[PDB]
Structures are given as structure tokens and as C-alpha cells.
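Here the structure is laid out as C-alpha cells; the discussion comes afterwards.
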Amino acid sequence: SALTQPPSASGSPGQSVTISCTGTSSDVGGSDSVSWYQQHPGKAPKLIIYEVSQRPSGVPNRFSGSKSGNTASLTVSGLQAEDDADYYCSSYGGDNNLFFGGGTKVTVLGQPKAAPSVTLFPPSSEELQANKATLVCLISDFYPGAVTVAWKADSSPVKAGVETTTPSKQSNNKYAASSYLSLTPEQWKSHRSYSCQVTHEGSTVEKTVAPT
Amino acid sequence: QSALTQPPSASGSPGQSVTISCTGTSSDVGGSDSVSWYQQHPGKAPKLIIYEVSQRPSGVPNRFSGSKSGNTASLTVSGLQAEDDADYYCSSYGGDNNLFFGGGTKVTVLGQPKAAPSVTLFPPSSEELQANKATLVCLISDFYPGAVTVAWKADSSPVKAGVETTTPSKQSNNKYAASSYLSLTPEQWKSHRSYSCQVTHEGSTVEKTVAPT
Ligand SMILES: CC[C@]1(c2ccccc2)CCN(c2cc(C)n(CCN3CC4(CCN(c5nccn6cncc56)CC4)NC3=O)c(=O)c2)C1
């Protein structure tokens, strides 16, 4: 996305959260045109801040917007249950364009936080004999149910062939998901290693495997 | 602040067209050409697909056409593809810096192709065994529709404890994926001749088997 938002934030009821929205001098830093939008999953989004700091009618004053340089910030004071939602920012850009952030998932904690268990599996022998070298990164027992996964070939980001499942609540009431990277046997055997990077509650865990 | 009016649902078969409407008032949809449309796959960031009533941003296929008559904007999606199955929202700026949104239309692409799961069973990784853990993962991908049941075997016998299977989720190929993981101790893993994962989808079952080495 043109603007950078942290993928997630959290707080317990009554706490405050600040989520950021970083651009460049030619968009976020070039005018006072930042807006913020709130979306509960599967419902229409809602404008909650415009022109950096302005609340539309009916938006409570615990939502506030500010800006400094090329970073805009939304602060939600006194978190309430209804504040659990995804939040997007936007700014006017260059050449009559509109730039959006990628969204921050705000969780109002409903249970204790729990860091993921991460396990990275190299290609199984059966799939290698079938000309497939899919890797799986298993991520379990975490809360909140927000996680961002990145893969690396050696040290280079890998975007192609990545899929990650939507975290789902398991029998222990914590979340699990899997990310799998669809590699050919040639790709697997010819790199020094591949890594799975799991960020949760702003903490990027990394696991690495290599051919044996 | 009033919503714009969108039908909650619309549908079409692959290759077919669908037109969905967005009715506002004279001071929003009817008052200027600032009507936008957004596509959103459940659980994902949306994508603006139309701005200024009719303009597609870069990368939006020309299968998406926007128009307006009076207070009603319309989106037509031609040549429906599986990837078009999504929620579609409209918006319009009005006066007083207000931005109005429709409630969303879920467009269903009917009759999408059935697909059997690709099932890949992974034995415990070296790292986790050194950490005194022997979790197995059965990756189940590229199936459709998105219902699956999973059963595990220790040698030939059913496993009744330690199984978790994630809720199937639709991936970028518009087919579902899930993982089942069996949380064994290294002792349980080493004390059996093999472990198997059986996936059942639309009455057909696929079984994979792994063993210590
Ligand atoms: C307003 C309600 C939002 C919403 C939230 C929840 C559900 C539904 C909608 C808030 C978050 N929204 C996003 C959020 C995101 C991430 N992306 C994708 C990222 N992109 C696409 C783009 C590309 C350039 N472009 C334009 N090209 C030419 C001329 N234009 C004039 N105006 C724009 C352009 C379109 C926008 N810029 C940008 O950063 C979106 O598209 C829209 C829309």
C-alpha cells in the first residue's frame, strides 16, 4: 500500500491506543488531508477523522487525529468493546491521487495475550518425489488472532507462492494458522535456506530451514 | 448518518454479467461525480475499483464499469470470474466534509468448480524434535467448496486426542486451505510405526502416511 500502517494494535478496555500512518512529503506530509476510516469486519466502513484532526458528527471525542512530518496518528482513548475493528488511513497524493494505508486491526483484549508457537517444516519426501517442495510454517496458540507472515529466500523477501490461512480459534480458545510457500524442488535445493518470519503483537519471530 | 442504499446480495454465473446499484440523495450521489466503488474479499483489505463514477485505477480490469443516473450509481461486472465473488461497497462525498457509504453488496459467483484437496503430510522437523516436540502438520489446500473433515491414525488405530484443524479459508486462487496438526511428544512419534492423516472432502477421502527415519 502507498501508506504504511502497523498491521495490528491492542489494548484492554479503558486503555488508549495510538496507531500510525507513514507516507512521504508528497502525500501525508504535503497537506492536511489525512482521513481515518473504521470498519467492523463485514460491515460498511465509516469515516471517523478527516483533515487530520476533524471528527464527523456523531464520532465521539475519544478518537483524535494528529500529524507530524510524514506520519499521521490516530489515538483512541478509553477503548470500548465497539472499538475492536480495522482502521485505515488515507491521504491525498501526487497527480490528483488518493493513497491508502493497509489497515490496522485493533483488538480490545478479551483474554490474555499469548505469543505464537512457530514450527517450520521442510519439504516432505513424498512431495519431493512428486516434484513439489512446499514448505509449511505452522503458527499456533496465539492471541490476539492477528499475525503477519513473511518469507525469505536466503535473505531476500519472497512474495510469489505464499499463502497464509485466516487465523481461527481452536479448542483451547487461542488462534492457529498456517503459511505455506510453494517451491519447486530446484528452488529448494539451490538456496542456502528459507525462512518464515512471524510478527505478533509487534514481535517478529523467525524460523529457518535448509536442505539436508 | 444515513447509509447509501445497496442490495445486500447479487449473483451471476461464470462468464455472465451482474449490475448492482447504489442509491443516495441529491446532496451526495446525485450532487456530484464523487462516487467510488470498492471490492473487498472477506478478511482482506479492500481495493478501490472505481472513482469519479466511472474511472478505473491502474490494474482494475475493464470488466468493471461504473455509471450514474440521478441519485443512483451502478456497477456492472462483466465476464464474471471466481475472483469477483466479494463484497462491493459504494461511497459518495456530500456536503460538510461528509462521506457516505453503502451497506455493501455481496456478489456471489454461482457454480464454481469443485476441486479435491491437495494433501501434504509433514513429519516432525529436526528443530522441534531438539526442542522436545513432535508436532505433525497435514496441509490441505486448493479444495472447493470449503468443507473438510480430518481424521488421524497412529499405526492403524484412530487418534482421539491432540488434533486441531483450522477453519478452512479462501486463498488467492479462490480455493480453500486448512491445516490439521497433531501435537505428539517425541516419545509418541518414535513409538509408532507411522502416523496418517485422512482428509474427507465431498465423500472422497485422501490419506497420507509418514514414519520416523
Ligand atoms: C475509503 C474507504 C476504504 C474502505 C475500507 C473498507 C472497506 C471498503 C473501503 C478505506 C480503505 N480503502 C482502501 C484501502 C486500500 C489498501 N486500497 C488499496 C491501496 N491503494 C489503491 C489506490 C491506487 C490508486 N488509486 C487511484 N488511482 C487513480 C486515481 N485515483 C483517485 N483516487 C484514487 C485513485 C486507487 C487507490 N491507492 C492505494 O493506496 C484501496 O484501494 C482502498 C478504501
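Scheme for the C-alpha cells: letters A, B, ... for chains in order shown; per-chain residue numbers from 1; ligand numbers from 1 in order shown.
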**Request:** Define the interface residues of chain B facing chain A as those within 9 Å, counting only C-alpha atoms, and report them as a ChimeraX atom specification.
**Result:** /B:1,3,42-43,45-46,87,89,96-104,120-128,135,137,139,164-172,176-179,181,210
Those residues you just picked out, can you put them in a file as a tab-separated table (two decimals), in the first residue's frame with C-alpha atoms?
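Wrote again.tsv, looks like this:
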chain	number	residue	atom	x	y	z
B	1	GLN	CA	-25.54	9.50	9.27
B	3	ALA	CA	-26.13	4.88	4.61
B	42	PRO	CA	-13.75	-11.23	3.40
B	43	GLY	CA	-10.93	-10.75	5.89
B	45	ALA	CA	-8.00	-5.12	2.74
B	46	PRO	CA	-10.37	-3.64	0.12
B	87	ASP	CA	-18.34	-7.61	-1.09
B	89	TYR	CA	-19.20	-1.01	-1.33
B	96	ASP	CA	-19.85	19.41	5.18
B	97	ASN	CA	-16.92	17.05	4.52
B	98	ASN	CA	-19.24	14.06	4.99
B	99	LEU	CA	-18.51	10.74	3.27
B	100	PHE	CA	-21.47	8.39	2.85
B	101	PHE	CA	-21.15	4.63	2.40
B	102	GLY	CA	-23.48	1.97	1.14
B	103	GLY	CA	-24.08	-1.10	3.24
B	104	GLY	CA	-22.33	-3.38	0.76
B	120	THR	CA	0.71	-32.98	2.16
B	121	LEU	CA	1.76	-34.61	5.43
B	122	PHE	CA	4.92	-33.38	7.14
B	123	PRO	CA	6.77	-35.35	9.82
B	124	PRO	CA	8.34	-33.58	12.80
B	125	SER	CA	11.02	-31.07	11.92
B	126	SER	CA	14.53	-31.52	13.26
B	127	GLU	CA	14.41	-28.24	15.19
B	128	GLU	CA	11.21	-29.08	17.06
B	135	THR	CA	4.03	-31.87	16.11
B	137	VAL	CA	1.16	-30.96	10.14
B	139	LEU	CA	-1.53	-29.25	4.87
B	164	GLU	CA	-6.55	-29.42	15.83
B	165	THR	CA	-7.76	-28.46	12.35
B	166	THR	CA	-8.09	-24.84	11.30
B	167	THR	CA	-11.25	-23.38	9.81
B	168	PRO	CA	-10.89	-23.51	6.00
B	169	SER	CA	-10.15	-20.10	4.50
B	170	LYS	CA	-10.27	-18.97	0.89
B	171	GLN	CA	-6.85	-18.18	-0.56
B	172	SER	CA	-5.77	-16.07	-3.53
B	176	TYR	CA	-9.83	-23.15	0.38
B	177	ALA	CA	-6.91	-24.18	2.55
B	178	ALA	CA	-6.54	-25.58	6.03
B	179	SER	CA	-4.01	-27.33	8.21
B	181	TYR	CA	-1.78	-30.51	13.31
B	210	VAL	CA	4.64	-40.66	7.39
Skipping near chain neighbours, those fewer than 2 positions away, what residues fall within 10 Å of residue 210 in chain A using only C-alpha atoms, listed as a CSV table (one decimal) with C-alpha atoms, in the first residue's frame?
chain,number,residue,atom,x,y,z
A,122,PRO,CA,11.0,-28.6,5.1
A,123,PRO,CA,9.7,-30.5,2.1
A,154,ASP,CA,18.3,-16.8,1.8
A,188,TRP,CA,14.5,-25.6,-2.6
A,189,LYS,CA,17.8,-27.5,-3.3
A,190,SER,CA,19.6,-24.5,-4.8
A,191,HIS,CA,19.2,-21.9,-2.0
A,192,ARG,CA,21.2,-21.9,1.2
A,193,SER,CA,17.9,-21.7,3.3
A,194,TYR,CA,14.4,-20.4,3.5
A,195,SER,CA,12.9,-18.6,6.5
A,208,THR,CA,14.9,-21.2,9.1
A,212,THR,CA,19.8,-31.9,4.1
List every residue of chain B that has an atom at most 8 Å from any atom of ligand 1, and for each one report the closest atom pair and its distance in Å to one decimal, counting only C-alpha atoms and all ligand atoms, with rows sorted by chain and then by increasing residue number, as a Markdown table.
| residue | atom | partner | partner_atom_place_in_ligand_line | distance |
| --- | --- | --- | --- | --- |
| B:37 | CA | ligand 1 | 9 (C) | 7.9 |
| B:38 | CA | ligand 1 | 8 (C) | 5.4 |
| B:39 | CA | ligand 1 | 8 (C) | 6.8 |
| B:40 | CA | ligand 1 | 7 (C) | 6.4 |
| B:45 | CA | ligand 1 | 16 (C) | 5.6 |
| B:46 | CA | ligand 1 | 13 (C) | 5.1 |
| B:47 | CA | ligand 1 | 41 (O) | 3.5 |
| B:48 | CA | ligand 1 | 41 (O) | 3.7 |
| B:49 | CA | ligand 1 | 41 (O) | 7.0 |
| B:50 | CA | ligand 1 | 35 (C) | 7.9 |
| B:51 | CA | ligand 1 | 31 (C) | 5.9 |
| B:52 | CA | ligand 1 | 31 (C) | 7.7 |
| B:55 | CA | ligand 1 | 29 (C) | 7.7 |
| B:56 | CA | ligand 1 | 28 (C) | 7.3 |
| B:57 | CA | ligand 1 | 27 (N) | 4.2 |
| B:58 | CA | ligand 1 | 27 (N) | 6.2 |
| B:88 | CA | ligand 1 | 8 (C) | 7.7 |
| B:89 | CA | ligand 1 | 8 (C) | 6.0 |
| B:91 | CA | ligand 1 | 1 (C) | 7.6 |
Print the selection's residues with C-alpha atoms to a file, as an mmCIF file, in the first residue's frame.
data_model
loop_
_atom_site.group_PDB
_atom_site.id
_atom_site.type_symbol
_atom_site.label_atom_id
_atom_site.label_comp_id
_atom_site.auth_asym_id
_atom_site.auth_seq_id
_atom_site.Cartn_x
_atom_site.Cartn_y
_atom_site.Cartn_z
ATOM 1 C CA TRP B 37 -16.710 1.615 -5.584
ATOM 2 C CA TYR B 38 -14.564 -0.777 -3.569
ATOM 3 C CA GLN B 39 -14.181 -4.535 -3.764
ATOM 4 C CA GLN B 40 -13.411 -6.496 -0.608
ATOM 5 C CA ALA B 45 -8.003 -5.115 2.740
ATOM 6 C CA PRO B 46 -10.370 -3.643 0.123
ATOM 7 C CA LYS B 47 -9.431 -2.277 -3.286
ATOM 8 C CA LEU B 48 -10.898 0.857 -4.845
ATOM 9 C CA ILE B 49 -12.122 -0.267 -8.271
ATOM 10 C CA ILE B 50 -13.987 2.864 -9.468
ATOM 11 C CA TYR B 51 -13.615 6.550 -8.669
ATOM 12 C CA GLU B 52 -15.352 9.627 -10.084
ATOM 13 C CA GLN B 55 -12.819 5.714 -13.713
ATOM 14 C CA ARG B 56 -10.855 2.537 -13.077
ATOM 15 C CA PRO B 57 -7.499 2.860 -11.284
ATOM 16 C CA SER B 58 -4.444 1.165 -12.713
ATOM 17 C CA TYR B 88 -18.773 -4.373 -3.051
ATOM 18 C CA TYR B 89 -19.196 -1.015 -1.327
ATOM 19 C CA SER B 91 -19.284 5.760 -1.319
#
Let's see if you can do this: from backbone DSSP, list all alpha helix (DSSP H) residues in range 40-209 of chain B, as a JSON list (two decimals) with C-alpha atoms, in the first residue's frame.
[["chain", "number", "residue", "atom", "x", "y", "z"],
["B", 126, "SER", "CA", 14.53, -31.52, 13.26],
["B", 127, "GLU", "CA", 14.41, -28.24, 15.19],
["B", 128, "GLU", "CA", 11.21, -29.08, 17.06],
["B", 129, "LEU", "CA", 12.48, -32.56, 17.98],
["B", 130, "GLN", "CA", 15.54, -30.97, 19.60],
["B", 186, "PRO", "CA", 8.83, -37.28, 20.61],
["B", 187, "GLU", "CA", 8.10, -40.47, 22.56],
["B", 188, "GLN", "CA", 4.69, -40.93, 20.90],
["B", 189, "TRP", "CA", 6.24, -40.28, 17.47],
["B", 190, "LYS", "CA", 9.13, -42.72, 17.93]]
